[PDB]
Each structure stands twice: as structure tokens, then as C-alpha cells.
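The data below hold one chain only, encoded as C-alpha cells and taken in the form deposited in one PDB entry.
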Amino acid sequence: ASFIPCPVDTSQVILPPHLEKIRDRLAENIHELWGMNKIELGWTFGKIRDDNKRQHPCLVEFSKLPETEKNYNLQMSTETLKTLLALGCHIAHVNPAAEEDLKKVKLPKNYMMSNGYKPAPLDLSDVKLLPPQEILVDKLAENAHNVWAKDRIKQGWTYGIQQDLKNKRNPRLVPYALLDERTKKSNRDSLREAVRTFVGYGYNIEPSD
């Protein structure tokens, strides 16, 4: 009950047009990682959403996505960059040549789907994030929790030892430092691949010193 989520204020941040391409790149790789994981959980493609057969219609390439899903991944990529800028980060395209080496992951035949779409995430296995970039991920992860926690609380949700819908109780409405470590390691990673994505295109993620 002493938990007060005050997330980073991004309401005054305008995303510069020179970051439009790299935010299109991030949004695309998030979707590719979404497909790969969904396939890793036994999902396949279906013209209609069928949970019994694990049939998902959005297992397509980023272009053929409907406008709702496409804007959804674009907004998540935009808010990630706006959050970085809000924390005082400078995003400079310091090594444009990195896009030369950049190659995607070749996944085995099972990952190929009936409609002809095989997800191909970037091969960022060679990208090694630095101390300042790992601290950026931790701050990015703690804020996504605070963004979510603030929104649920304002909708009437309070912390409970158990979750029940009618009384608006949720055990995850606690400080981030007190959450499930398996949960803490889950979005850590989704965000660590986002930071590795920016380095993969030759962008510098510096903190303001």
C-alpha cells in the first residue's frame, strides 16, 4: 500500500524523424521474436484464431499484419525510444557500417509455417552490452512495471495476496524490486534484446554525463 508508481514522463518528448527507421527496425524484430516464441510454444498458422489447435492468424510477415497489430508494435517501439530520450539518452547513428554485417538467424525447417512465413530474428548473439546499457535496461524494466502498475491502480486495482477480478486485486501491484525473479528476468530480456537491436544497427545509446 506504500507503493507509488511514478513512471518516467514522456508526454513532452517528440521522437525525431531521424529515429523513424530504427523504430521501424525494432518493431519488426519484436514481432519476429514474437513469432519464434509462439512457434516454440507449439503454435501454428490459421486463417482464423483457433486456440484449441494453437492456430494464430498473426503468424505472418510484418507487412501483411492488419493496421491494429502493426500500429501496436510500432507504439511499443516508439515508447521505448521516447523513454530512452526522457531519461536523458543521446541516440546517435555513430556506426552506419554495422548494417553491413547484420545478419538474421536461420532457423530449422520446423519454424517454417504453412503460409510460407518463417520468422527470422536478428543474430545479435555477437552484441555484448556494456555497464551503462545494462543499467538502462534495468531502468527500462522498472518503468514498464510502473507504467502498468499506475494504469491498473487508477482503474481501481489494489494489491491482494490473491488475484480476483470483481474486487480488483492483483499480487503484482508491488514495487519492482519485490517481484517474481522469473518475472523480473522475463522483461529484462525482451528489453535487453531491444537495446542490442539499436547497437546492431550502429546506434550509440549514451547516458547524459
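Take the two forms, find the largest set of C-alpha atoms that superpose within 1.5 Å, and that set is the rigid core. Heads up: residue numbers just count along the shown sequence, starting at 1.
Although not depicted, the form deposited with a small molecule bound is the subject of the following passage.
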Proximity to the small molecule in the entry with it bound (heavy atom, within 4.5 Å), stretch among 130 to 138, 71 to 79, 88 to 96, 105 to 113: 71 to 79
Within 4.5 Å of the small molecule in the entry with it bound, all of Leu26, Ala144 and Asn187 (non-hydrogen atom): yes
Proximity of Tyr159 to the small molecule in the entry with it bound, heavy atoms at 4.5 Å: no
Touches the small molecule in the entry with it bound: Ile30 (any heavy atom, 4.5 Å): yes
Displaced residue check between this form and the one not shown: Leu41, CA, 2 Å or over, core reference: no
Did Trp157 shift 2 Å or more between this form and the one not shown, C-alpha, core superposed: yes
Core-aligned CA displacement of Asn146 at least 2 Å between this form and the one not shown: yes
